[PDB]
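partial complex follows, first chain(s) only, in situ:
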Amino acid sequence: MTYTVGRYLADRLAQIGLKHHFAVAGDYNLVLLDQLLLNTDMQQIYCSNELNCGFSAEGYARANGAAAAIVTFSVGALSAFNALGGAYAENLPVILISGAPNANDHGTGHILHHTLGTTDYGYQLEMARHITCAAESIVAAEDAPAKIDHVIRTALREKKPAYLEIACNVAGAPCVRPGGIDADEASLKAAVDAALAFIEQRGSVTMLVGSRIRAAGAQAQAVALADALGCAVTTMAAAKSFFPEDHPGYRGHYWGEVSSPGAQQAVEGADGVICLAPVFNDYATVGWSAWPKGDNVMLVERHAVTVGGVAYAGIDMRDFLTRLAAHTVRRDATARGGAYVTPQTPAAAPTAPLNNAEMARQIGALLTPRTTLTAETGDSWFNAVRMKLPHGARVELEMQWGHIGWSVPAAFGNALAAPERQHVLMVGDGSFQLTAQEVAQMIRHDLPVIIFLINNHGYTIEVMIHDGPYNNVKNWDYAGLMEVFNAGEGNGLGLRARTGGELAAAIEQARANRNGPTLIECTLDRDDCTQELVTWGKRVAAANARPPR
Amino acid sequence: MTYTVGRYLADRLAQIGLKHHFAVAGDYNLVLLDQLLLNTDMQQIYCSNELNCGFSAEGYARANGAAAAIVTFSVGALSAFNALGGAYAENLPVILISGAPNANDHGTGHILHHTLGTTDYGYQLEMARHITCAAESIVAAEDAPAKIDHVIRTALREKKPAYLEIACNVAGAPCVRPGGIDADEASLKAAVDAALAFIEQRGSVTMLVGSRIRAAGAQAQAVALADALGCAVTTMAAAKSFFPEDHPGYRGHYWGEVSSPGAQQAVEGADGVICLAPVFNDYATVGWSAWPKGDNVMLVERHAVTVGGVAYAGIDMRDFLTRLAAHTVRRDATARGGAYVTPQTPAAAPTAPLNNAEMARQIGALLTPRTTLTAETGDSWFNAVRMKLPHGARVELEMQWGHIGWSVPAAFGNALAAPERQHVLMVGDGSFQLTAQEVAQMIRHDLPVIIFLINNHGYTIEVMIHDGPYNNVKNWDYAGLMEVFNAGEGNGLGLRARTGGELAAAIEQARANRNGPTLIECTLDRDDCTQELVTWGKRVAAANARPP
């Protein structure tokens, strides 16, 4: 059986540790999908639509480290681009492979199906270059190994996604086989010496862990530096779970005036803040109100540290933090005697109407060290950041891209990447409507994801930035949807919870559904949301609206 | 009270004839949506997601002439771009407007939500320029009139979509008000004389009507020319319904070896073919096998005619066709003796298992002159092109872009644009799962769309180009979905038809459902499809696979 270009790609994807890749068929990729099916270290997973395909691969990469999605030219890839730009924003090496016109059509002027109807077939690549770290087109088998290895090696080095298109008559063409793997003292001393003087010369220091720290591979080194300093540690909201909440120095999330108790003063009252790989965007800074920077910040990024008025280039954040931790003095003033303060809401009477605080209390009680909680944009961001996490629990947030509906397909991909964990999904009713059909794929693969669907009858987070008729949604019977997707062949279970007692019974049933997803539709009033959402929403709306010049 | 940049856009959109625009809210567009709401000539319609928002605008433009969709930066617009590229492919002036960063963030290096996380806000405009005829960004109210009028005037002139983004703090900023409207004889003589010579020198001439003729506004002039020539007239598959099927010269669709009976010889056996605004792509030419071109073809395009070895530029197709029809000789040889042959499927025994031919027969019987039949990519293309159309019936096909799932939001937008017509949607089960949630918006607006969902358990069209496990889909209870979307406040109705008797009884219940959509889930075997799909699919596949 002749070895082909598509096999070359399949074998490299398996080699970088994918166990699955995601696809939607179209004639320009069918031979490629057949070549990928020959690799039996991976399962080929089919998605309902390409936007869902792309966010399933994004969710898979959060657990696995990388992922791949394969789509057809133009009508598949342009939807997958929203999710690919999402992977770029969230520092995940997703490889999007699109099927593409037969190479013999290049140079002809032939107009081809799925294109704009002009002689141009390069617009899709051109568009992809704006949202990836590498983008290549294979029209000849002899070029395929260099292009495949370039796109995979660059994506994995940068932790950013990349794009590959393969002419449809070349996916099955003969190719060579893959071999090998796609899977500075003075500078470091100067940077470490400056960071040690920054700590030593201050009376108090607090660490603030940012949401690029996973992409830097530096989470364990952050803990070593926290152990050595004994300082208060806080996380930015989008870094929820990236630092252990049972560490004796952890004091919660820093998010300006919506911080955990004590955390705003820990960061803003300290003589120096050590910021590890942050994303200071308008939402994270609460409309530019909460943004530690400048001479009293040691800004540590994946290949540079800026401290004491100097940017030290050429140093790896991991080696830096390890050396700094081995030599620093202790600065424990912002931690001593303090603790991380989490909500302590008393249980509601079981028959009272369900409210947000009761629902969040029951969800937080479900978390284990083995839980992965995917939380959608909406008030679920604020309920998730408020949860006290058992050590080992993972929270996945998409706070820089913020595409509502990401969470459904992302929970499906994560559940396939990490089947040993307990997957829990918190998604609002508005977000659910964009990508709901990927629950039918959860059902198809008997994945036991527990989904809390928060039915507050519209886009409550927008109701709290700026209200209007556009925040209303058509209501669905969300719980009844599960039987519709099972269609007599599936173990999906849909339950409704209108009280704390109904929610607790629904949760018991969900935990007992071992071979399919359970959706629990939790009914809340439209204005029953976290206080933090309202305080943040005000500040961020005022920032968006601020008047020209 | 103070007139704003978003009211200037709203008023221009109303001025070009929109009665609706489509939107998905996000913080970058809310002020803009509040300004659009002030125009009471339009209704603002909310969509489940942005791919569906864009394709509802595309289906609305097919009936209305134009459309607009409003989305938020990046997370909204990048999915709407698939639909915008689809409006370019299908020659429809959809205007996509996206909300965008506050103008005071430009020049700062601020990182913003919904972006790539870099200091770049211009990637979205840059991407949009590849799929539109005009693309502008407003960051200052002083510029907004020239940029709104350039995108709308260019889109309407070119019959192609356009892109506008408006900084979120500028949509509510004061603006001037809109006034005025956004809504060669020697060359024509030379072209008409060469075309007259082309016809007079030939004994058998046939017309082939192409799917860019509606973008040219030349459908009535094509009828005038067919009346003068008396010749056979055929339509390309994607031009279904663009020429009237009761015309005495109509001889059905030309589609190479899957043509209506006699139509392949009408075109391929003629001494000349008059080709009106065709798209000869790989699917239309049946893998490059069926492609009339060259010295024996008069190729008539929007602004140019190529005939007799010369390309005549600067002539409007409408004026050309009217002058040619007024002077031409008659050439009726290709019509003599012939007729349009359409399927004559006998009615099945009512309790026999449903098959595709029976389902197609009953859907064909439902069509009227006031029907719009939206037909999805899949075997529904072949069942639609085979339908005998009453004069005036409209069929909508998306055969150049061909994005499965387009039909659901496109039928929703066409139902809002043309509420006086009877809307019928044929959609396959695989396609329905990409965009199904827009049926909930049909229910929200009480639109009486009758939807035939063909449940043959997978992607049968693909099963016929090249089969594999990727053609299987997770089955749904499609009928039972209607009550889920009603959620106690809607008039959607879901029915199942497993026999011709059950299908006839479901169609009569669907016709009686006047205030909400009815989905009839028709069960067919995977391999029970038209013969034309099988024949077309193998040619088309062989062309895709041809070796380096």
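Nice, I can see it. Numbering: from 1, shown residues only, chains lettered A, B, ... in the order given.

break chain A down into its structural domains.
For chain A, the domain assignment from curated CATH domains gives the residue ranges A:1-183, A:184-341, A:345-533.

residue in the stretch 151-300 of chain A nearest to chain B?
Residue nearest to chain B within the stretch 151-300 of chain A (Cβ to the nearest Cβ): residue A:281, separated by 4.2 Å. (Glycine included, C-beta is placed from N, CA and C.)

what is the burial count for residue A:86?
Using other Cβ atoms under 10 Å in any protein chain shown, residue A:86 has 29 neighbouring residues.

which helix or strand contains it?
helix A:77-89 (DSSP states H and E).

after that helix, next one along is what?
Counting by DSSP H and E, the next helix or strand C-terminal to helix A:77-89 is strand A:94-100.

that following strand close to chain B?
No. Taking Cβ under 8 Å from any Cβ of the partner chain as the criterion, strand A:94-100 and chain B are apart, separated by no less than 9.4 Å.

CA atoms only for that strand, dumped as PDB, please.
C-alpha atoms of strand A:94-100 as PDB (Å, rounded to 0.1, in the frame of the first residue of the first chain):
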ATOM      1  CA  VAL A  94      -4.700  23.800  16.700                       C
ATOM      2  CA  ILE A  95      -3.800  22.800  13.100                       C
ATOM      3  CA  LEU A  96      -6.600  23.400  10.600                       C
ATOM      4  CA  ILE A  97      -6.200  21.400   7.500                       C
ATOM      5  CA  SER A  98      -8.500  22.200   4.600                       C
ATOM      6  CA  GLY A  99      -9.000  20.200   1.400                       C
ATOM      7  CA  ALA A 100      -8.400  22.500  -1.700                       C
END
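
picking up where we left off before, report the angle between the helix holding residue A:86 and helix B:50-64.
Calculated by axes from the mean of the first three to the mean of the last three Cα atoms, to 10 degrees, helix A:77-89 forms an angle of 150 degrees with helix B:50-64.

mind listing what residue A:308 touches?
For residue A:308, the contact set (Cβ atoms under 8 Å, 6 or more residues apart in numbering or on different chains) comprises A:194, A:197, A:198, A:295.

include chain C too:
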Amino acid sequence: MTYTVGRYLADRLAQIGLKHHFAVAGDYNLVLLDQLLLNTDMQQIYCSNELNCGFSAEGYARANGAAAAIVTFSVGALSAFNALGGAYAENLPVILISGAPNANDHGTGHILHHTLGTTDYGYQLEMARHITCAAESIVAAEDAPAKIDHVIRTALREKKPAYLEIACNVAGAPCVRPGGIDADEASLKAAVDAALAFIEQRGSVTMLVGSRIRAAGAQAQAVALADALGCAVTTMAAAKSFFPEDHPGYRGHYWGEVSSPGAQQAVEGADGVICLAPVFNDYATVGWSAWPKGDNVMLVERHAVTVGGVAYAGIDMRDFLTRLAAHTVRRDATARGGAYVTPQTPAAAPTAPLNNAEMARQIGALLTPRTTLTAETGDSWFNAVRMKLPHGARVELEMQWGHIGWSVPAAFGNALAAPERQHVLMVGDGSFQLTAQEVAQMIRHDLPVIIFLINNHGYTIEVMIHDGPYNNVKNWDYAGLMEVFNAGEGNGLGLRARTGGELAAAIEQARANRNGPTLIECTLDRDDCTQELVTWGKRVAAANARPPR
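This next block brings in chain C, placed alongside the chains you saw above:
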């Protein structure tokens, strides 16, 4: 004195070893040029126009390793882009820095001078992304270190050029200071083991050295492998000088039917060819006639080797060649008893009309181990590739980009990068007309470049692909131009040579001009060119013209 963004860039450019950078002033870069003037490890050099500016930096990088050019927005940068795409094509890390609009104009709709007159100021960056490996815009000083270090570190790693624009009011803004520096066994064993089996299983092997081998840093390792194998070694034309011509295995250039004697048979008659970092384009393959590839080629590239039907990724060409050389058996059949054969033209009678072969004989006799010979596109490519090189002599060719006129500004930049060497420039009269004014800069800096200007009254190389009235040029008094550029303040010398005796006397005078350039205008008939030009020109023209499908 406050440290600024422009200083940050100046100090990083000095740190990567530039001794000069090239500039043309415009109001959008004047404050930046003032910040660069503060670094006294570099000289700021002014160019006549931006295309010349960009090719002076390209020539400088060939000697130095890297280079920088600074230009004004749009009217400067778009000309510099031709030279930047040239640097990409020739694998040289040139950094182009453009001055750019004031940051406060972004977001205003202001129309600005030097732009297209629309509200768009991003088109220049967008265009630059197609011809560089990194492209960034600085509009805020706090972003400047990351963007500067990203563009320099990426350019130096990739050996490709990069682009940076800096808002004009930010070049002088305060900035932090620069610290630190911008300056796999199993895979390697598998690749080496396969390459050793490739050699061992064959009776004869020949090495073919390609013009990407400098960018790979692998020239010394190629010599070690040639020493170990004892095989015939040949160079592709564009690799002239990248392998030592006095090595006992060297047998000249392989260039199909225009190869050195014996070299075509060495490569095409061998059982296996080891190809080191080649560029097989239409000119190198002589119109696709001479292109060793496939199962009998070991293709060695900077990070991959393809041999024995496998592409081994993840291995550095230098480590690979060193390990291969340490273990290979000898395969000397294609070298034994052979020698590199070079032209042996007898000296012309001194008073006979000068002809090409006599001119090339005198130029070849001028070369020393310390010579850098820059040779322009035209018949000078074929005269240069025919020269026998003393060990250490460098030849610079621009055979992939092939922009006529490159050679003038490239010889000026090289002469500044490497003033310890003897610089010689061979440029035809047509090419000279595109960029002649950079000889006035050679004069301004007293650079003793000897220029042979071949005046054959038009574009003789095109006359031999396809003749027409477009191959004629307006003749100039090239030798008289030198006094015009000196304008009473310069040591440029212009001489004419119409015979071999006049050329020899002119050369003596040139060698004696120690403080300025000498141009010797050599008069040749239009059809007096190398035989190789005519044979190559035919083949490459036939390839260009070959008929649609």
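
again for the contacts of residue A:308, chain C present now?
Residues counted as contacts of residue A:308 (Cβ under 8 Å, 6+ apart) are A:194, A:197, A:198, A:295.

ok, so of the residues you listed, who is nearest chain C?
Chain C lies nearest to residue A:194 out of the contacts of residue A:308, by Cβ to the nearest Cβ, at 7.3 Å.

my read: that closest one touches residue A:310, true?
Yes. Between residue A:194 and residue A:310 there is a contact under Cβ atoms under 8 Å: 6.3 Å.

what's the overlap in contacts for these two?
Between them, residue A:194 and residue A:310 share the contacting residues residue C:179, judged by Cβ under 8 Å, 6+ apart.

show me what from the stretch 101-250 of chain A comes close to chain C.
Within the stretch 101-250 of chain A, the positions adjacent to chain C are A:108, A:129, A:142, A:145-146, A:149, A:153, A:176-182, A:184, A:186-187, A:190-191, A:194 by Cβ under 8 Å from any Cβ.

hmm, try it at 6 Å
A:145, A:149, A:176, A:177, A:179, A:180, A:181, A:182, A:187, A:190 (Cβ under 6 Å from any Cβ of the partner chain).

in space, what's closest to the first one - neighbours in sequence excluded?
Excluding the flanking residues, the one nearest residue A:145 by Cβ to Cβ, 6 or more residues apart in numbering or on different chains is residue C:311, at 3.7 Å.

now the residue positioned nearest the centre of chain A, nearest residue through space, not along the chain?
Nearest to the centroid of the C-alpha atoms of chain A, with distances taken as Cα atoms, centre = their mean, sits residue A:398, at 4.6 Å. Spatial nearest neighbour of residue A:398, excluding adjacent residues (Cβ to Cβ, 6+ apart): residue A:406 at 4.7 Å.

what is the neighbour count of that neighbour?
With other Cβ under 10 Å as criterion, residue A:406 counts 31.

so it sits against residue A:55, correct?
Yes. Under the criterion of Cβ atoms under 6 Å, residue A:406 makes contact with residue A:55 at 5.0 Å.

need the contact list for the closest residue to residue A:63 other than its chain neighbours.
The shortest distance from residue A:63 to any non-neighbouring residue, by Cβ to Cβ, 6+ apart, is to residue A:417 (3.6 Å). By Cβ atoms under 6 Å, 6 or more residues apart in numbering or on different chains, the contact list for residue A:417 reads A:60, A:63, A:64.
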